[PDB]
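Only the coordinates and a few stated rules stand behind these numbers; no lab work does. Cβ sites come from the backbone with ideal geometry, for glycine too, and all protein chains shown count toward neighbours.
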Amino acid sequence: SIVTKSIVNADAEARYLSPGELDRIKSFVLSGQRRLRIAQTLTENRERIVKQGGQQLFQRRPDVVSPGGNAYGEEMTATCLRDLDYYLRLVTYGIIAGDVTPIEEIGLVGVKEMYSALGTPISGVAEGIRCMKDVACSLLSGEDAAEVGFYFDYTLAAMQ
Amino acid sequence: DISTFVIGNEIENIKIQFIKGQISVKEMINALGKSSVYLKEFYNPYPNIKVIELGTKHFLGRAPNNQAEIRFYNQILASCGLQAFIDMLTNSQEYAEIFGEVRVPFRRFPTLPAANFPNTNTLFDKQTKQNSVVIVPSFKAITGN
Amino acid sequence: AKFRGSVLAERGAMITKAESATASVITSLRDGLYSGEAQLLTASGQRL
Amino acid sequence: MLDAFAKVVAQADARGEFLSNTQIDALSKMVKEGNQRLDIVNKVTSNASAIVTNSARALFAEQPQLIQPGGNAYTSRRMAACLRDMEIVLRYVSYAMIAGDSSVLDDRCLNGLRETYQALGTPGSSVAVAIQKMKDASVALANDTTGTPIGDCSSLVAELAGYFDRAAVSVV
Amino acid sequence: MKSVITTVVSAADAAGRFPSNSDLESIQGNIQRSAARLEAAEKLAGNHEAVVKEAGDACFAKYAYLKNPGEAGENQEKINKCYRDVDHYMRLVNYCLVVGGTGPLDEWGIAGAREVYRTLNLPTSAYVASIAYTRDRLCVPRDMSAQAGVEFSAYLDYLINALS
Amino acid sequence: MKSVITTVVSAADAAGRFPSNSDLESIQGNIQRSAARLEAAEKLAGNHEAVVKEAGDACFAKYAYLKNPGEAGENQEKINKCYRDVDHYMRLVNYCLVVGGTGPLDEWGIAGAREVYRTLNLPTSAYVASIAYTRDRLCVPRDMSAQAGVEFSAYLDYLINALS
Amino acid sequence: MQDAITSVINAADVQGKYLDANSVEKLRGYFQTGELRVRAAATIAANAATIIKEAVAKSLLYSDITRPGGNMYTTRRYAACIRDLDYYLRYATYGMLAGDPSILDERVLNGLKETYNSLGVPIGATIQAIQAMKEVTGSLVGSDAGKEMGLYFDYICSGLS
Amino acid sequence: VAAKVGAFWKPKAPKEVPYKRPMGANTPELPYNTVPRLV
Amino acid sequence: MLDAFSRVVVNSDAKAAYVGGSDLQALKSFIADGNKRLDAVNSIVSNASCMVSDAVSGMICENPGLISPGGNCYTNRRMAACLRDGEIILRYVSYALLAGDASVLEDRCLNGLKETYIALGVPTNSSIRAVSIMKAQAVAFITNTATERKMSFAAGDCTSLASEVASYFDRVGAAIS
Amino acid sequence: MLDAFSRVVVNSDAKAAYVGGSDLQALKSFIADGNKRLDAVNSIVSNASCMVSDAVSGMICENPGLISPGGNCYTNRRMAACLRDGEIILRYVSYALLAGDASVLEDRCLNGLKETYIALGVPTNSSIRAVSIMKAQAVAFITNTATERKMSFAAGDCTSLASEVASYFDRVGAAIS
Ligand SMILES: *C(C)[C@H]1/C(=C/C2=NC(=C\c3[nH]c(C[C@H]4NC(=O)C(C=C)=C4C)c(C)c3CCC(=O)O)/C(CCC(=O)O)=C2C)NC(=O)[C@@H]1C
Ligand SMILES: *[C@@H](C)[C@H]1/C(=C/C2=NC(=C\c3[nH]c(C[C@H]4NC(=O)C(C=C)=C4C)c(C)c3CCC(=O)O)/C(CCC(=O)O)=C2C)NC(=O)[C@@H]1C
Ligand SMILES: *[C@@H](C)[C@H]1/C(=C/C2=NC(=C\c3[nH]c(C[C@H]4NC(=O)C(C=C)=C4C)c(C)c3CCC(=O)O)/C(CCC(=O)O)=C2C)NC(=O)[C@@H]1C
Ligand SMILES: *[C@@H](C)[C@H]1/C(=C/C2=NC(=C\c3[nH]c(C[C@H]4NC(=O)C(C=C)=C4C)c(C)c3CCC(=O)O)/C(CCC(=O)O)=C2C)NC(=O)[C@@H]1C
Ligand SMILES: *[C@H](C)[C@H]1/C(=C/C2=NC(=C\c3[nH]c(C[C@H]4NC(=O)C(C=C)=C4C)c(C)c3CCC(=O)O)/C(CCC(=O)O)=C2C)NC(=O)[C@@H]1C
Ligand SMILES: *[C@H](C)[C@H]1/C(=C/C2=NC(=C\c3[nH]c(C[C@H]4NC(=O)C(C=C)=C4C)c(C)c3CCC(=O)O)/C(CCC(=O)O)=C2C)NC(=O)[C@@H]1C
Ligand SMILES: *[C@H](C)[C@H]1/C(=C/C2=NC(=C\c3[nH]c(C[C@H]4NC(=O)C(C=C)=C4C)c(C)c3CCC(=O)O)/C(CCC(=O)O)=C2C)NC(=O)[C@@H]1C
Ligand SMILES: *[C@H](C)[C@H]1/C(=C/c2[nH]c(/C=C3N=C(/C=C4\NC(=O)C(CC)=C4C)C(C)=C\3CCC(=O)O)c(CCC(=O)O)c2C)NC(=O)[C@@H]1C
Ligand SMILES: C=CC1=C(C)[C@@H](Cc2[nH]c(/C=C3N=C(/C=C4\NC(=O)[C@H](C)[C@H]4CC)C(C)=C\3CCC(=O)O)c(CCC(=O)O)c2C)NC1=O
Ligand SMILES: C=CC1=C(C)[C@@H](Cc2[nH]c(/C=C3N=C(/C=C4\NC(=O)[C@H](C)[C@H]4CC)C(C)=C\3CCC(=O)O)c(CCC(=O)O)c2C)NC1=O
Ligand SMILES: C=CC1=C(C)[C@@H](Cc2[nH]c(/C=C3N=C(/C=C4\NC(=O)[C@H](C)[C@H]4CC)C(C)=C\3CCC(=O)O)c(CCC(=O)O)c2C)NC1=O
Ligand SMILES: CCC1=C(C)/C(=C/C2=NC(=C\c3[nH]c(/C=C4\NC(=O)[C@H](C)[C@H]4CC)c(C)c3CCC(=O)O)/C(CCC(=O)O)=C2C)NC1=O
Ligand SMILES: CCC1=C(C)/C(=C/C2=NC(=C\c3[nH]c(/C=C4\NC(=O)[C@H](C)[C@H]4CC)c(C)c3CCC(=O)O)/C(CCC(=O)O)=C2C)NC1=O
């Protein structure tokens, strides 16, 4: 949350929120009705984003679903697509919070040591996040897509 | 080890800067304790009274000595914050005597102060997040000023 | 519009920092780091 | 014995996987190098009598105790055995150049050779000097133009020099 | 091509006179500033591949509209030309620290640049976001000397003034 | 090899200079020292089979258990390889009095020699009992000059302290 | 610490669901009052020293607490007590912006009743100084903001008893 | 995916300028009639 | 037009390369032996009107076919225009000594001079002798071995400046011919 | 590198022989003629500044295309790197005369010099001219037949010191050639 992240920056320096930090929190709450409409555009398009984003992934990385890959089998490919739904849900949390804090604490902290324990290619999960960003950003306008595009951009770099 | 509570890029430049021999063990420890990883781990969830007992534990290997020390660090954490706290520990004369610029701090079983032995043993014998108790909240007031 | 204008420099700078770490872990892996006998003797250095 | 193409197949069978799409594309660069890798093997095979003899003659000029009586390369039978060890190591380096993988070199030639020269008394620090002299005679002959079209063969003679360095630290 | 040297040997060539005592007194100041500006050139020559990476994506962090279809960097080989355009300007700033004047940036970077970037639809507001990021990330004890960062950041806002 | 002229020229090249006039003094001081140093080496080369024969059997007089069966002087061929080895060390000292340094003794006769004699079960005390006999058989009249015997007895001292 | 936004996202995330229509109304209730909190938080940061000055004069100044034998008698003991009122005013302003008292349970109230028992600081007089800060603050920020700020002044007083 | 190592925005230089050059005062001083590292 | 620092950056521009620590060290020695360059320009420009009156009248005493009618330095008008022709050449050499290369000498003084003297009928071999006496005059003043005037310097070796000024005077002779 | 003393050691170790007899006699000649040799090294390092610059600027006035644009000594960055090469070559021929053996010249200076002078494109026939110019100066400063400067020496025949330093200079010539 933009509010929580600005308080821990002030509490660390033992001070009050500066007028520049308070001015950012003001336009964060006033733009809440517009940011709630961007998160609901993705919430009503899960079937298209997770199905298309997962179909595009298996064409750029066919070896993860081929016999011998991590996501091989009916139940294993389903868990594969289950994870793209976990990360699309967190991106809607971050659009509403105004910060990458919900994505970081749920599904980015300890994610590399996690996937390495299951034997999952971390670069195959970043490829599926880049393919969901292609579907999701095509549902939005010029602005309101750069906003959605950032939370997909951070999840890529932070995951690698 | 940081693998379970970091994303992976918070203290990556401090590591590369140390392996090149550019910074000493004392600079790598000051730069490591005043990072976003330490602030998120040992400053946000706890009050300043518990942040003092953890700061001496990690950077000095011992619990707080006496009341004059608790009220000295408490005034730093009220005015200047966390990063001025870490500088007062690493730049102290006690640090330079026992750890210098080439050693990493250790558990440091103490003897001489009145309760520093049993207090330092309660800090280092408890596991991380074992409970939310403050070991040395303060010293019971001795008569006088 | 005012909200984005205040966070644009914060956001692009935190993405550059995350990619400088990936580039460093890749040149460090090829440079022989993490191949030591003390790294392969841990369980998390075997996953890496 | 497996080449560069069968090396990535053997690494993927131990994981039980199909080849990745960047692994097919990196094998398509080796096919594109191709005609040039065959120029390097053609240039050190057509001069293989002169790589060995010019770098044998240069070895007994700096180390004259090797051909003194009692030295290791002193007799007709021990001199002819030094000249064919140089011709064998040059043979398996050119096999490893055409394969793209040092697996024919260190299974057929380099494995067990350090412990063999110690059983015979052969100074392995002097075999390494004779290998490093064949390296300079080969890389000076790999990058001359002389009937080939002009281009960049620099990462292929850096691989040829790497096989000679591997054989020279494995004899001692 | 614009130096301490070339402005005093073409002023006395235009008057038709010899090198005078005021001409040699300008070449004395070329000796004195050379310790500070060649230090800034040597730090830039060893670190240029990381300072055009972090300043090239200060353009695209600020201007996300440039990656739309029909825009300036819309495929990957136009984004690589953008970092190449930044790396051309950092090479020319490094030449000005060596020469001792804005000669290589005037002739090879600035002359003709308004006509090119208007014809080719390249916004110069995104070129100056790349150069003002580099001027604002300078740290005069950390990155170079005190006076090495005075004239590293003087050729950087010579580009900012001539592209705006 | 560190030598007479060589060790000055190699130090006048690490500084990159020409031969100094204070670099021609230590050359002349090393040429005048080598006059007596060559007189020792001419004596040892002109009469070596006599000085080896009487230094070899001083080892077997002191260590008469080496001629026992099972030991390092058991055959006659193992005896002849003992007098060969004393003649090898007297030859390397002759090379050290010409070079004017302990270079030939280090590379060609000391490096790895201690590890050879352990694997072959030869006592290093028996190699030094034949060089110690040669050191004090020297007489400053009737053998060489009193200055030549100082250089000759220092390289025999370097070899004694290297084997033992 | 977690604010009203964090607590609404948590109730949905602990089921694995997206934000439904009930979650969006709880989020609109926060965004509506968010401009009144930013305005009270800016006026408290400017009069932070005047609020504590006016609040001590009303409660602690001329009593047994400051006379010889009181807890705030000596000068070190007077400065140490107004440094505590800076803690309470600064952290109650964090909790008002966030709309959650979660930062008071962690950063303020943990181990605080045990610190005051060791030193001998009076609890009944501490609560009366925080209640004087609630009046002085509610006069600067009005009734709407003053009734929200007093919700966290009361949280400290109830956890301190 | 999307790794940016080095100067990714331009193809590297050929680097094919390998030639010998006398190392005045940098030539390694070797032993004569021998090889290094003891025997 | 160019100097020695911008001659370096047009060589690095041909390779699209940054000028760094290899060929910065050749420029740090240019700055360090830089007061030697400024004393050497100052000694040329202080003896310049004796130096041009002696090289032109030295050219007359070598070849006295220029004082007979039909000569090219015959008239009183042509002697002034030859004594002005030889101090343009000294002026552009001392620009090239002060700068560090001979690209002010190529562009502004030696462009079209060969085509001018052919169309004027100015004899070429008498002119090379006029700049060769100026070459021997220049290396005498800046190594301080002049027989009629000695100037006060600090002590040291300036023979590489005097081998640079003779390459500038040989550039004038090669383009006239 | 080897001097005259190291070389008889490495030539007799290669035979397992003692140093004495005909090989020790040639070492007495080095000791006897020791003062005489050190003047021949002294009569080079005192003129080593103007032995170089007379040679580099001497080959320019015989082949003046080297300063024309396109020539190899055109820019001041190319002319300064040629003056540095004539001093490096003369620094090792002085080292090889002082040591009495050509091995410091053959290893540190001429090893891989012919392969470097073609990759840069230095003209070979122009480079061996300046060596031949420097060769004539060295055999003149040693025999004391230098016509612009004499030296105060003792009386005696320094033949075969000049013939030995003649044999080093054409060894520099036959390397790059
Ligand atoms: C050939 C190069 C010359 C020539 C040489 C002679 N020099 C003679 C004697 C001599 N030389 C020096 C200087 C030299 N000795 C040093 O110790 C040092 C520096 C450390 C140097 C430069 C000295 C001091 C002497 C001794 C003077 C004396 O006592 O008389 C010399 C005569 C002795 C001999 O032949 O060995 C000769 C012939 N003389 C020549 O005619 C040519 C041109
Ligand atoms: C100093 C008063 C500043 C400060 C800044 C920090 N900079 C950090 C990294 C950094 N800085 C630059 C630009 C700089 N490097 C160069 O090589 C040149 C010019 C030749 C310049 C102007 C770059 C490109 C980077 C990233 C790579 C690197 O670390 O070298 C930095 C490290 C944290 C980070 O990665 O962002 C800091 C803290 N230091 C200070 O204390 C103030 C804020
Ligand atoms: C001086 C009065 C001495 C002394 C001298 C004697 N030496 C006798 C025989 C002898 N000497 C050598 C010298 C040898 N040691 C060396 O270091 C060198 C040169 C490097 C040499 C040549 C040898 C080989 C011999 C044996 C010859 C032989 O046995 O025939 C000697 C006896 C004469 C003789 O036996 O012919 C004497 C008196 N002896 C002394 O007591 C003082 C200290
Ligand atoms: C003016 C007097 C200067 C000066 C000039 C120098 N002139 C130098 C050499 C030189 N001068 C002449 C002309 C002169 N010689 C003649 O035979 C005749 C008449 C027929 C005249 C007028 C010639 C021919 C030369 C030599 C040319 C050459 O060597 O190639 C000269 C260099 C030698 C020296 O240092 O003396 C200088 C410096 N000298 C002065 O000090 C005042 C200031
Ligand atoms: C690299 C070490 C050489 C060099 C090599 C090049 N060869 C090029 C093309 C080429 N090579 C062949 C022959 C192929 N068939 C064979 O039988 C053998 C072995 C005997 C070989 C290598 C052919 C037929 C061709 C032309 C076919 C084609 O190009 O499609 C080549 C590319 C040409 C260019 O880049 O211009 C290179 C670089 N060239 C060198 O300069 C070094 C010394
Ligand atoms: C004297 C030592 C020579 C000689 C010289 C003459 N030059 C004459 C005319 C002339 N010279 C130039 C070139 C000069 N002017 C410049 O502006 C520049 C550089 C930018 C240079 C190098 C020009 C253009 C002209 C024509 C203009 C004019 O006529 O004044 C000249 C006059 C010829 C005549 O009318 O008789 C003379 C005598 N001639 C000689 O014989 C010696 C070698
Ligand atoms: C070579 C042509 C000369 C010679 C030159 C040396 N000059 C040295 C020091 C030096 N020179 C100057 C003169 C010059 N510098 C200026 O700024 C101006 C006018 C504006 C002029 C005319 C100065 C001021 C200095 C002082 C620098 C210092 O000493 O710190 C010098 C010493 C070595 C060096 O610093 O380069 C030399 C060798 N000396 C000669 O004998 C020939 C003739
Ligand atoms: C020559 C440069 C150096 C040298 C060589 C030397 N080698 C031998 C003897 C043998 N060498 C081998 C070598 C190989 N056998 C293999 O199968 C392979 C591929 C794996 C190699 C490289 C073998 C088996 C022998 C013994 C059999 C034989 O008769 O050759 C000798 C002769 C030793 C002897 O006669 O006792 C010599 C001299 N020695 C040198 O001094 C050079 C440095
Ligand atoms: C020696 C000095 C020197 C320079 C400074 C550059 C200047 C320069 N840049 C470009 C060319 C370009 N420059 C950019 C740069 C940008 N576009 C963006 O998205 C951002 C606005 C911005 C930097 C972040 C792009 C995309 C092109 C290619 C334009 C095109 O192909 O249409 C061109 C056109 C020629 C070509 O297409 O190759 C030129 C002359 N070139 C030089 O030779
Ligand atoms: C220890 C032994 C040793 C040497 C002998 C020299 C040899 C040498 N010279 C040059 C380099 C050079 N050498 C010359 C010299 C000449 N070119 C000519 O036209 C003339 C014929 C000739 C001198 C009169 C020039 C002009 C260059 C520079 C070439 C260039 O930069 O393009 C280089 C390349 C290094 C560099 O460019 O900085 C080397 C190794 N250097 C050494 O370290
Ligand atoms: C066009 C330009 C041009 C030059 C610059 C000169 C350059 C030059 N000088 C010499 C030849 C020489 N150069 C010198 C050098 C010197 N003499 C001294 O007394 C000084 C101390 C020192 C200069 C500092 C010596 C000693 C000789 C040998 C002949 C002589 O004694 O002069 C030679 C070779 C002559 C030969 O032996 O065949 C050449 C070409 N000649 C030219 O044609
Ligand atoms: C034993 C050490 C000690 C000291 C010194 C001390 C001071 C002290 N001074 C006070 C007030 C005060 N002190 C002053 C003092 C002054 N006004 C002036 O103009 C003068 C410059 C200055 C006196 C020389 C005033 C006016 C007040 C009342 C302020 C108010 O109520 O607003 C108060 C609050 C009311 C009270 O008296 O209880 C304390 C506690 N307490 C201590 O324990
Ligand atoms: C961030 C949360 C937090 C708090 C609140 C905190 C309080 C705290 N209050 C302290 C003391 C004190 N606190 C007081 C307070 C008071 N005296 C009165 O009469 C009043 C009733 C009351 C103020 C309203 C006094 C007088 C002392 C000093 C006791 C002494 O010196 O013996 C001390 C001991 C250190 C010192 O003396 O400075 C701590 C650690 N620490 C924390 O981390």
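A compact table of results
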| item | result |
| --- | --- |
| Relative contact order (%) - criterion: Cα under 8 Å, at least six apart; region: chain J | 28 |
| Cα long-axis angle, helix G:48-59 against chain G (0 to 90 degrees, to the nearest 10) | 50 |
| Chain E: Cα Rg divided by the 2.2 N^0.38 Å rule of thumb | 1.19 |
| Taking A:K133, F:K2 and counting other C-beta atoms within 10 Å, the order from fewest to most | F:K2, A:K133 |
| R0 of 41 Å, Cβ-Cβ distance F:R118-B:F124: FRET efficiency to nearest 0.05 | 0.20 |
| Dipole magnitude (debye, nearest 20) for the protein assembly as shown, charges at Cβ of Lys, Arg, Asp, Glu | 980 |
| For the range D:1-114: rounded, prolate or oblate by the Cα gyration tensor [a/c cutoff 1.5] | prolate |
| For the axis carrying chain E to chain F: nearest C-beta residue of E, whole Å | E:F18, 29 |
| Residue of chain I whose Cβ sits closest to the axis mapping I onto J, with distance in whole Å | I:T147, 9 |
| Angle in degrees between helix A:19-30 and the longest Cα principal axis of chain A, rounded to the nearest 10 | 60 |
| Distance from the range C:14-32 to the range B:116-145 (C-alpha centre basis), Å | 42 |
| Selected from G:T33, G:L151, G:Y116, residue furthest toward positive end of dipole (the range G:5-161; charges at beta carbon) | G:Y116 |
| Gain upon complete extension [I:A81, I:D107; 0.36 nm per residue less C-alpha separation] | 7.2 nm |
| From phi via Karplus (6.51, -1.76, 1.60), per-residue ³J(HN,Hα) for the range I:140-150 in Hz, x at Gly/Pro | 7, 7, 9, 10, 6, 9, 7, 7, 10, 8, 10 |
| Helical segments meeting 24 Å axial Cα length and Kyte-Doolittle -0.5 threshold in chain D (DSSP H) | D:76-99, D:124-142 |
| Sites D:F5 and F:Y158, calculated FRET efficiency, Cβ-Cβ separation with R0 45 Å, nearest 0.05 | 0.15 |
| Distance-filtered residues of the range C:23-46 - backbone nitrogen under 17 Å, label point 7 angstrom along D:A14 Cα→Cβ | C:35-36, C:40-41, C:46 |
| Space enclosed by the convex hull of the alpha-carbon atoms of the range G:25-110, per residue, Å³ | 107 |
| Karplus-derived 3J(HN,Hα), 6.51/-1.76/1.60, for each residue of the range F:17-22, Hz, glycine and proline x | 9, 7, x, 6, 6, 8 |
| Inter-site label distance for B:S79 and J:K15 at 7 Å from Cα along Cβ, in nm | 9.0 |
| Teacher prompt: F:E54 distances to equivalent labels in other copies, 7 Å Cα→Cβ, nm | 8.2 |
| Dipole moment magnitude, nearest 20 debye, chain C about Cα centre, only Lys, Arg, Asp, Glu C-beta charged | 360 |
| Normalised contact order of the range I:15-94, rounded percent, pairs of Cα under 8 Å and 6 or more residues apart | 27 |
| Within 10 Å of each Cβ in H:13-21, the average number of Cβ atoms from other chains | 6 |
| Cα-based shape type of chain J, given that a ≥ b ≥ c are square roots of the gyration tensor eigenvalues and the cut on a/c is 1.5 | oblate |
| Alpha-carbon centroids, the range A:67-116 and the range E:24-56: separation in whole Å | 47 |
| Spatially proximal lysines relative to B:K57 (Cα-Cα < 26 Å; intrachain offsets below 8 disregarded) | B:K15, B:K26, B:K34, B:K40, B:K126, B:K129, B:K140, G:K113 |
| Förster radius 25 Å - calculated FRET efficiency between A:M76 and G:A11, Cβ distance, rounded to 0.05 | 0.20 |
| Pairwise centroid distance, computed over Cα atoms, of the range E:91-164 with the range D:24-95, Å | 55 |
